[PDB]
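*Asks:*
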Amino acid sequence: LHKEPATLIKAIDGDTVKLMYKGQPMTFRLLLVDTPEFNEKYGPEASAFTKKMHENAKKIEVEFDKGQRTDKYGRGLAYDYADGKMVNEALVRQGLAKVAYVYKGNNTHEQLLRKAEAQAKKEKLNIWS
Ligand SMILES: Cc1cn([C@H]2C[C@H](OP(=O)(O)O)[C@@H](COP(=O)(O)O)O2)c(=O)[nH]c1=O
Ligand SMILES: [Ca+2]
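Heads up: the sequence shown runs through residues 63 to 101, 108 to 197, numbered per mature numbering (1 follows the signal peptide of the UniProt record, and there is no 0).
(1) Within this structure, are the beta carbons of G76 and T118 separated by less than 8 Å?
(2) Please list the terminal residues of the continuous beta strand (DSSP E) segment that includes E129.
(3) Between which two residues does the alpha helix (DSSP H) carrying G111 extend?
(4) CB of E99 to nearest heavy atom of ligand 2: below 7 Å?
(5) Using the Cα positions of residue 200 and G142, report the straight-line distance between them to the nearest angstrom.
(6) Going by CA-CA distance only, name the one from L181, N194, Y171, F100 that's closest to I74.
(7) Any chance you could list the beta strand (DSSP E) runs of at least 3 consecutive residues sitting entirely within the stretch 120-195, in chain order?
(8) From the DSSP output, read off the bridge partner residues of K80.
(9) Quick check on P67: does DSSP put it in helix, strand or coil?
(10) Report all residues from its chain with a CB closer than 8 Å to the CB of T78; omit the five preceding and five following residues, and keep chain order.
(11) Spatial neighbours of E157 within its chain, please: CB distance less than 7 Å, with the 5 preceding and 5 following residues excluded, ordered by chain position.
(12) Out of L159, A186, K192, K190, which has the shortest C-alpha to C-alpha gap to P98?
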């Protein structure tokens, strides 16, 4: 896989963000994770986490996997990097997202995220408390 540029347009919630990609506004849905909705427990914390991570970044990148690049709602499906640090992974590592939505052919970073989730669970963080 490879990283490609994007710029933040606006925070949305824990696992979706509006980015400009190839010069077009898109909503991106983060691969292989599920954050709580804003109205749910740890939703506001997940939203804040993802907002901060994108807003503080000098450089945002997206990395598409080998399969589907947009979902049925027109959202881009990607791994999102803030100054080289994967947002998807960080969410999981902090207990603010579960590994989820693992479809065959877009699951390159599955095991990386599962390892993170295991560490979050061991530390009893957030969703795992
Ligand atoms: C993460 C992801 C979600 N989706 C779809 C499945 C779910 O369909 P349904 O809306 O029918 O439940 C939905 C979950 O996203 P959200 O967690 O953003 O709701 O997005 C994909 O198709 N591919 C993906 O990789
Ligand atoms: Ca969600």
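For each residue, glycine too, the CB sits at the ideal point set by N, CA and C.
*Replies:* Here's the rundown:
(1) yes
(2) 128-131
(3) Element bounds for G111: 111-123.
(4) yes
(5) This structure does not reach residue 200, given that the chain is present from 63 up to 197, and the question cannot be answered.
(6) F100
(7) DSSP assignment within the stretch 120-195 yields the following whole beta strand (DSSP E) runs of 3 residues or more, N-terminal first: 128-131, 144-150.
(8) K72, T89
(9) Strand.
(10) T89, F90, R91, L92, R143
(11) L180, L181, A184
(12) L159
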